[PDB]
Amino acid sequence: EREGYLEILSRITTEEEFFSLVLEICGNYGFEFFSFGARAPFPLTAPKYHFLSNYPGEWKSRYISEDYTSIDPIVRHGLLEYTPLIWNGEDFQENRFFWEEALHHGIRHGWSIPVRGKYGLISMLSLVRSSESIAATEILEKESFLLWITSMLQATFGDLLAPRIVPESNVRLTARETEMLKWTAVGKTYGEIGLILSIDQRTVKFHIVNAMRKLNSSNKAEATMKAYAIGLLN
C-alpha cells in the first residue's frame, strides 16, 4: 500500500520527520539499519557528503574520522552505476579493514538503491540488516516498491535540504548569463564570445561577473562547472 506514503511526504518539513519516516519504512520491510546518503556536487574537488542513519553511535562517528567514503565500494556503485545493488558484508575482497570493522556493528546484509536528484544530487537509500541474506524471492517481492520510494524519498529530501548543502540551487540565471556560460563551457574567450553573439567584449564580461557572484564562484571556469552541475545549462 504505497498510496498513504504520498501524503506523508507531502507534509514533512524537517529532518527529524525524515529521520523518523525512513526509520519506520526501514523496519516495515524487514531491515534493522538504514542509511540515506546524498553527495552534493560541491565542492567540485572533494564533494561533501551528508548522511542520515540510525547506525550505532560508535560507527556514525568512526565513519567520518577515517574518510570511509573514499574506500567504501557501496558509495562507488552509486557514483558510477544506475542500478540497485545487493551486497553481503563478507563478499568484498579489498578494503578488508573497512568490512571487517563494518561487520562488527551489524552491517552485513544490505540493499542500496542509487538515484539521481535535482541540483546534481547523487543520493542512495541503503537498508541494512545483520541477519538473513536477501534472496531472489524476497527481492522480487519489494523490488518495484523500494525503487519507487527511493525516488520519492530523495525528491522530498531534495527540496528539504537543498538550500543547506546546495546553496546555489536557488540561483536563477538570465537568458544572457546562461548563454555566456554555455560558451565558456567549451573554453571560448571573451573575444570569441563577442563574435558569436555580436556584442562588445565588455558586455560579455558583464554578465559573467554577475553569474559568478550568484553562483558564489571565484572564476568563470568554476562558475560554469557549478552552473552545469546544478542544471542551469540544460
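Sequential numbering from 1, following the sequence displayed.
A.B. asks: Do the CA atoms of 221-229 or those of 7-15 have the higher mean B-factor in the entry?
C.D. replies: Stretch with the greater average CA B-factor: 7-15.
A.B. asks: Looking at the deposited entry, does 84-92 or 149-157 carry the larger mean Cα B-factor?
C.D. replies: Per the deposited B-factors, the answer is 84-92.
A.B. asks: Would you mind checking which of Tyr49, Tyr190, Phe36, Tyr68 has the top Cα temperature factor in the PDB entry?
C.D. replies: Highest C-alpha B-factor among the listed options: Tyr68.
A.B. asks: For the listed residues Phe206, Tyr29, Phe42, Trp183, which one has the largest C-alpha B-factor as given in the deposited model?
C.D. replies: The listed residue with the largest C-alpha B-factor is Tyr29.
A.B. asks: Within this chain's modelled residues, let me know which third the CA B factor of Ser112 belongs to: lowest, middle or highest.
C.D. replies: Tercile = middle for this residue's CA B-factor.
A.B. asks: Which third, lowest, middle or highest, does the CA B-factor of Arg129 fall in along this chain?
C.D. replies: Its C-alpha B-factor, which the entry lists for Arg129, ranks in the highest third among residues of this chain.
A.B. asks: How does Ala102 rank on Cα B-factor within its chain, lowest, middle or highest third?
C.D. replies: Top third by C-alpha B-factor.
A.B. asks: By the recorded C-alpha temperature factor, relative to the other modelled residues in its chain, which third is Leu173 in?
C.D. replies: Lowest third - that is where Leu173 ends up once the chain's C-alpha B-factors are sorted.
A.B. asks: Using the B-factors in the PDB entry, rank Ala135's C-alpha atom against the chain and give the third, lowest, middle or highest.
C.D. replies: Answer is highest: the recorded C-alpha B-factor places it there.
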